[PDB]
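Chemist: quick one: experimental structure and sequence below.
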Protein chains: 2
Amino acid sequence: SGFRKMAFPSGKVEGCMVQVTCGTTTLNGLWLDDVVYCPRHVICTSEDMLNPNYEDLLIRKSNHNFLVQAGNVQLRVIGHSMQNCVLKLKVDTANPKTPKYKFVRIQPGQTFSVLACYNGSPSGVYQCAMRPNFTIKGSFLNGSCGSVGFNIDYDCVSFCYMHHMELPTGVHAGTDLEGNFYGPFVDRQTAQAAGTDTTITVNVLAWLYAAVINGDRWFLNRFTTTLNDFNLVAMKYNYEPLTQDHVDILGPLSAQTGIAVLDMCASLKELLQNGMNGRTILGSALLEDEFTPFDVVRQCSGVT
Amino acid sequence: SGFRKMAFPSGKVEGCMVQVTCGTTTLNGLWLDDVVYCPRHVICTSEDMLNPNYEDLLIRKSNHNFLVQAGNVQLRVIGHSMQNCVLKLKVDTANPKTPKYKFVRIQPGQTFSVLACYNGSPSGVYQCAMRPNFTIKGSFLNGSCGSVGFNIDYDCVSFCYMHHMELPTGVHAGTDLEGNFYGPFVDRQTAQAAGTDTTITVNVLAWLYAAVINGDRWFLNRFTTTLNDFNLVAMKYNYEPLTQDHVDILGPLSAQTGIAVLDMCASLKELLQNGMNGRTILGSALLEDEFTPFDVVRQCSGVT
Ligand SMILES: CN(Cc1cccc(Cl)c1)C(=O)Cn1nnc2ccccc21
Ligand SMILES: CN(Cc1cccc(Cl)c1)C(=O)Cn1nnc2ccccc21
């Protein structure tokens, strides 16, 4: 027992990290097979930042201007192309450490691990959620661009995120591995509105089930609710409206604990209306929304 | 910016994990050079659990009874020995993936990453602190024994923990890599008192400095305190007494923010006496003590 904000083991992704330098800028790249993927803003300089013309900036660059180094070994670049906001640098050597992998676009509310890197070297790994407004609340410093987010399903790494930017508000924005931003963001150094965010209701309910499994039960009550009534409370407290699809995804946890989903909703309703009264749930004094129902079952069953 | 409970990249440790089976029991082992380390309770059966006679149980075992498998490859055991609560199985092949490593005994209040494993396969990685009472609040299920805790200093893995037991209270106990338990615990299925725990004051102060660095400043006040006065408050709230050695370790963070350590102590004193007033610090509604001053600087500087 016990419940922690667990990240996937990062080894398979560490083997893919490289450093990419173009001119004066250095960031991280992801080397899979014979292609290195990195943020296209590696081609920008300090003046280019407010509104770069990426097509023009890339036309001034040749294969030999992209310096790619895998630890201490230099990679030979034999092609380059921009796809949305990523650059794809074709190299003459397939990464011998390429794991089985997929590129996936994750949905808002889903979770993933981030391997924060600097100069192609891994610094740390943490788990987070893609917010409903398509930002992530990560831990990134200058030089972390090109660090990736991923999930692992047995031996397959599904890459879902590449880091590109820290908005002036201190929240993070990035793209899928085809270079499409999550959310309305653009790769320019400008203030950009991130929409209104909400709390991921289905994840808070999953985490209350994790709490019951792991012995924290004080919040269980004698009440029940309906989806309609619960959604009036979710509206008031800026929580995502709960749907039958969310109730269905919570089925396994409901069966494992014997607590009907709407009864757990009534516990969540009372916690939203009354707060925690200075008590904690799984070591937290707030309602946690960064664990999906799949994460809770995975952590509570021991999946490798 | 941003601050997360970051674990070290786990790749170097994933390469060392193996499965060890003796009789009916399977747990994890750590393969470094030509030795596999694992908890000695791999030799116990269901009857042996209340008070195993480990010397007698091990005398019934031969090298060929220890089944060690590295992924899918079987290791040949050419020697076995018990050192405190660990078994050391000498194998005929040095692990080709052995990183540069050390065995260290960590101090209470220090932090480390855990790579949770089942059947020799990594499941997830998380960061935690060794509590002042020598327990850890981890996330472990049956089969996780032999999972290890570690820190990484550039290319060197310092292994500090091997998991052995979940106490009836749901907290975790284990040993250094020489098999010495942290705390008063013994490897038997009995209720065992874990001492009175305290909150790691120097880590809470380090985390308040991380909060100021990362923009959360609301808790800063117009006050100062002394070590003596602060320690009366620490006593009341079950916090570790602060010493000049702790103030010295906080020197770098104090210099980076320009906030004198005793002024930060006055902010911590007001938070202890008044609570958070329904506000948060770095996404937490409680005072966090699982980040050391070294962790905060490492995360805020980008060390790889
Ligand atoms: C370089 N820019 C802005 C930007 C992004 C895209 C294109 C352009 Cl042309 C300019 C960043 O925001 C890089 N960044 N990403 N995470 C960070 C964390 C802390 C400090 C900086 C960080
Ligand atoms: C087998 N024992 C008890 C024990 C420990 C040492 C020696 C003996 Cl003889 C018996 C455990 O506590 C193993 N364990 N460790 N973490 C766990 C998490 C959840 C469930 C079980 C877990």
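Modeler: Great, that's in hand. Residues are numbered from 1 along each chain as shown, chains lettered A, B, ... in the order given. Ligands and ions are numbered 1, 2, ... in the order given.
Chemist: residue A:281 and residue A:210 touch, don't they?
Modeler: No. Using C-beta atoms under 8 Å, residue A:281 is not in contact with residue A:210, being 9.2 Å away. Bear in mind the C-beta positions are built from the backbone N, C-alpha and C, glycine included.
Chemist: residue A:55: how many residues sit nearby?
Modeler: For residue A:55, the tally of surrounding residues (other C-beta atoms under 10 Å in any protein chain shown) stands at 8.
Chemist: quick one: it is in a strand?
Modeler: No. Counting by DSSP: H, G, I helix; E, B strand; the rest coil, residue A:55 falls outside a strand, being helix.
Chemist: in space, what's closest to it - neighbours in sequence excluded?
Modeler: Nearest residue to residue A:55 in three dimensions, chain neighbours excluded: residue A:82, at 7.6 Å (C-beta to C-beta, 6 or more residues apart in numbering or on different chains).
Chemist: and the one you found, how far is that from residue A:18?
Modeler: 18 Å (C-beta to C-beta, to the nearest Å).
Chemist: so between the two, which is more surrounded?
Modeler: Legend: neighbour count by other C-beta under 10 Å for residue A:82 and residue A:18, higher for residue A:18 (25 against 15).
Chemist: quick revisit: do whichever strand or helix holds the residue nearest to residue A:55 and ligand 1 meet at all?
Modeler: Element membership of residue A:82, judged by DSSP states H and E, is strand A:77-83. No. Between strand A:77-83 and ligand 1, judged by C-beta under 6 Å from any ligand atom, nothing touches; the nearest distance is 13.1 Å.
Chemist: show me where chain A has its helices.
Modeler: In chain A, the helices defined using DSSP state H lie at A:11-14, A:54-59, A:201-213, A:227-236, A:244-249, A:251-257, A:261-274, A:293-301.
Chemist: put the alpha carbons of the fourth one into CSV.
Modeler: This file holds the C-alpha atoms of helix A:227-236, laid out as CSV (Å, rounded to 0.1, in the frame of the first residue of the first chain):
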residue,chain,number,x,y,z
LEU,A,227,-25.0,13.1,-12.2
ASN,A,228,-27.3,16.2,-12.5
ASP,A,229,-27.0,17.3,-8.9
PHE,A,230,-23.2,16.5,-8.8
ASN,A,231,-22.8,18.6,-12.0
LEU,A,232,-24.4,21.6,-10.4
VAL,A,233,-21.7,21.4,-7.6
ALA,A,234,-19.0,20.7,-10.3
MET,A,235,-20.1,23.9,-12.1
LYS,A,236,-19.9,26.0,-8.9
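Chemist: tell me what that helix is packed against?
Modeler: Helices and strands touching helix A:227-236, as assessed by 3 or more C-beta pairs under 8 Å, 6 or more residues apart in numbering or on different chains; DSSP states H and E, comprise helix A:261-274.
Chemist: what about 10 Å?
Modeler: The contact analysis (3 or more C-beta pairs under 10 Å, 6 or more residues apart in numbering or on different chains; DSSP states H and E) places helix A:227-236 against helix A:201-213, helix A:244-249, helix A:261-274.
Chemist: also the longest one?
Modeler: For helix A:261-274, the elements it packs on are helix A:201-213, helix A:227-236, helix A:244-249, helix A:251-257, judged by 3+ C-beta pairs under 10 Å, 6+ apart.
Chemist: need these in JSON lines with mean neighbour count, can you?
Modeler: Output for the helices and strands packed on helix A:261-274, formatted as JSON lines (neighbours: other C-beta atoms under 10 Å in any protein chain shown):
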{"stretch": "helix A:201-213", "mean neighbour count": "24"}
{"stretch": "helix A:227-236", "mean neighbour count": "16"}
{"stretch": "helix A:244-249", "mean neighbour count": "14"}
{"stretch": "helix A:251-257", "mean neighbour count": "16"}
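Chemist: need the overlap of contacts for residue A:281 and residue A:210.
Modeler: The contact sets of residue A:281 and residue A:210 overlap at A:3, A:216, A:288 (C-beta atoms under 10 Å, 6 or more residues apart in numbering or on different chains).
Chemist: okay, these in CSV with distance to residue B:86 next?
Modeler: What follows is the shared contacts of residue A:281 and residue A:210, written out as CSV (distance: C-beta to C-beta, whole Å):
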residue, distance to residue B:86
A:3, 27
A:216, 33
A:288, 35
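Chemist: from those residues, which is closest to ligand 1?
Modeler: Using C-beta to the nearest ligand atom, residue A:288 comes nearest to ligand 1 of the shared contacts of residue A:281 and residue A:210, at 24.3 Å.
Chemist: just want the phi and psi numbers for the closest one.
Modeler: Per-residue torsions, residue A:288: phi -90, psi 130 (degrees, to the nearest 10).
Chemist: that one and residue A:127 touch, don't they?
Modeler: No. Using C-beta atoms under 10 Å, residue A:288 is not in contact with residue A:127; the gap is 11.5 Å.
Chemist: list the residues that contact both of the two?
Modeler: With C-beta under 10 Å, 6+ apart, residue A:288 and residue A:127 have common neighbours residue A:5.
Chemist: out of the helices and strands packed on helix A:261-274, nearest to residue B:118?
Modeler: Closest approach to residue B:118 among the helices and strands packed on helix A:261-274 (C-beta to C-beta): helix A:201-213, 17.1 Å.
Chemist: how about that closest one and ligand 2, touching?
Modeler: No. Using C-beta under 6 Å from any ligand atom, helix A:201-213 never reaches ligand 2; the gap is at least 11.9 Å.
Chemist: between that helix and helix A:293-301, how big is the angle?
Modeler: Taking axes from the mean of the first three to the mean of the last three C-alpha atoms, to 10 degrees, one finds helix A:201-213 and helix A:293-301 inclined to each other by 20 degrees.
Chemist: tell me the gap between helix A:201-213 and the middle of its chain.
Modeler: In terms of C-alpha atoms, centre = their mean, to the nearest Å, the centre of helix A:201-213 is found 19 Å from the chain centre.
Chemist: just checking, what packs against that helix?
Modeler: Contact analysis of helix A:201-213 by 3+ C-beta pairs under 10 Å, 6+ apart lists helix A:227-236, helix A:244-249, helix A:251-257, helix A:261-274, helix A:293-301 as its packing neighbours.
Chemist: so which of the ones you listed gets nearest ligand 2?
Modeler: Of these, the one closest to ligand 2 (C-beta to the nearest ligand atom) turns out to be helix A:293-301, at 10.8 Å.
Chemist: okay, now residue A:25: neighbour count?
Modeler: 17.
Chemist: please apply the same query to residue A:186.
Modeler: The local packing of residue A:186 (other C-beta under 10 Å) involves 14 other residues.
Chemist: and the lengthiest strand in chain A, which strands flank it?
Modeler: In chain A, assigned by DSSP state E, the strand with the most residues is strand A:156-166. Within its sheet, and counting by DSSP bridges, strand A:156-166 is paired with strand A:100-103 (parallel), strand A:148-153 (antiparallel), strand A:172-175 (antiparallel).
Chemist: rebuild the shared contacts of residue A:281 and residue A:210 as TSV, extending it with neighbour count and distance to ligand 2.
Modeler: Formatted as TSV, the shared contacts of residue A:281 and residue A:210 follow (neighbours: other C-beta atoms under 10 Å in any protein chain shown; distance: C-beta to the nearest ligand atom, whole Å):
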residue	neighbour count	distance to ligand 2
A:3	26	12
A:216	19	16
A:288	23	22
